[PDB]
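Taking the form deposited in one PDB entry, here's one chain by itself in structure tokens.
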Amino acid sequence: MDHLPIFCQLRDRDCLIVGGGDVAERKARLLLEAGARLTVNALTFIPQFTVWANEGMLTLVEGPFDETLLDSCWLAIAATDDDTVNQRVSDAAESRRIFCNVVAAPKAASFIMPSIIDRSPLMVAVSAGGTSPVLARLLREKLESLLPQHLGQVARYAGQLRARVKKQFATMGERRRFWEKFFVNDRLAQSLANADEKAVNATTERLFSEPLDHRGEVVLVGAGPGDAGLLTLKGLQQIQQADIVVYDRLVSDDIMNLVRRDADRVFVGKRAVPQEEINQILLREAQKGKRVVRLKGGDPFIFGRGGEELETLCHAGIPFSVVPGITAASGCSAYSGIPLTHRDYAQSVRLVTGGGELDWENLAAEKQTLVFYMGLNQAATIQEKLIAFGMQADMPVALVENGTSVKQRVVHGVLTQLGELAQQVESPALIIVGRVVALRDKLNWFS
């Protein structure tokens, strides 16, 4: 430790930036977010500064550097392109004992500005002293993955709640157990972000009433189509906080390698298990006060039977939420360079499954993009019917298997070849029909 990190309260304190270009604008925004009473000294300003000055948000002083602008200041920043000026500013502040930063130069400055993760009042700052700014960027990326946006909201609420955390919890050990289910109860977090100050109470007293070991909720989470990068932030946060993960084949191992190692896993997909057993497993492991995560390929509410799994839980009074995901259509479209819409090619995208019967004349109408989920088997009779109902036989067709994954296969061509091309693939695969499939020869950036 040769830098001491301190968290400064800058609201209504005079702070000086010397320089009027892009780098000053990024430091000025930073210091404006924190409530500095800010002056900016420069030989000229990029328009964004003249805007801020008109909204009364800071003060501009045009001209050369005047060291008297430091007379009543608490922090200084050199952010010009002239090392002579920066050196003058740096030297004017050391004799006044104003902490000072030189953007150009970590050395020869009395403070360094780190990377920040803002969740006010909660804050995390990362630096390595000027040695490795990229490595701090990498740390900041990861930390932004991991901290819910609304954690600051719950941070705050914990404030005037420490009152009650003693007249209903005696030992410091149980006191921390409560605190631990507090900061992870996203139903409280969403309730606070959405100002719903009755969902907030109903969950505040459910936290003081229910036994200390009970945290029973269900979270339906979309895994996305296969690529672990295609998970959502809230999705990742949720599978970090899960007591149990109930998952099937359609969830990739890359996604499962993200699930906390000290967490129960129930494999529920197939081997070589009807819907209602899955419903009972979820119900069962939630009534035991465990935080359940149901992980499903793609998006839960698109052919995932997500609806069925949540109406089993609405009977028994079990909280739940849904974190959506990338359905296969979106992924496969993007990772094969076949946009579902483009210009006036198609007025509508149709996501269709493969009792009752499919309406055939509807599927042949022009100005559509047909996307068939679970249709490899019925693929034979699909080419027959579309031709029989008047679709042009030169209509491009594409089948995308293991979309977005490091083994993705794409097979394209023409509607007349549809039956031949469906043997060349296996589940999970997507049939895409329409004129946009011709775009892959210019847009395919994956293979």
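Under this definition, the rigid core comprises the largest set of C-alpha atoms superposing within 1.5 Å between the forms. So that there is no doubt, residue numbering starts at 1 and follows the sequence shown. Residues that one form lacks are left out of the comparison.
Unmodelled stretch separating residue 354 from residue 355: 4 to 9 residues (count of deposited-sequence residues without coordinates). The PDB entry reports B-factors from which the mean C-alpha value can be compared for 200 to 208 and 328 to 336; the larger average falls on 200 to 208. Checked against the record, the higher mean CA B factor of 136 to 144 and 261 to 269 lies with 261 to 269. Among 131, 84, 280, 153, the highest C-alpha B-factor in the deposited entry belongs to 280. Considering 64, 35, 390, 403 together, the PDB entry gives 390 the largest C-alpha B factor. When the modelled residues of the chain are ordered by their C-alpha B factor, residue 17 lands in the lowest third.
Placement of the Cα temperature factor of residue 253 within the chain: middle third of the modelled residues, per the deposited record. The entry lists a Cα temperature factor for residue 186 that places it in the highest third of the chain's modelled residues. In the deposited entry, the Cα temperature factor of residue 213 places it in the highest third of its chain's modelled residues. For residue 376, the recorded CA temperature factor ranks within the highest third of the chain's modelled residues.
If you look for the form deposited in another entry, you will not find it shown, but the lines that follow are about it.
In the core-aligned comparison between the shown form and the other one, the C-alpha of 211 is the only one from 307, 211, 229, 317 that shifts by 2 Å or more. With the core superposed, residue 38 shows a C-alpha displacement of at least 2 Å between the shown form and the other one. In this overlay on the rigid core, residue 426 has a C-alpha that sits less than 2 Å away from its partner position between the shown form and the other one.
With the core superposed, residue 411 shows a C-alpha displacement below 2 Å between the shown form and the other one. In that other deposited form, the Cα-Cα separation between residue 301 and residue 148 grows by 3 Å or more relative to the displayed conformation. Figure legend: C-alpha atoms of residue 317 and residue 157, shown here, are separated by at least 3 angstroms more in that other deposited form. In this core-based overlay, residues 1 to 215 form the only run of three or more whose Cα positions differ by 2 Å or more between the shown form and the other one.
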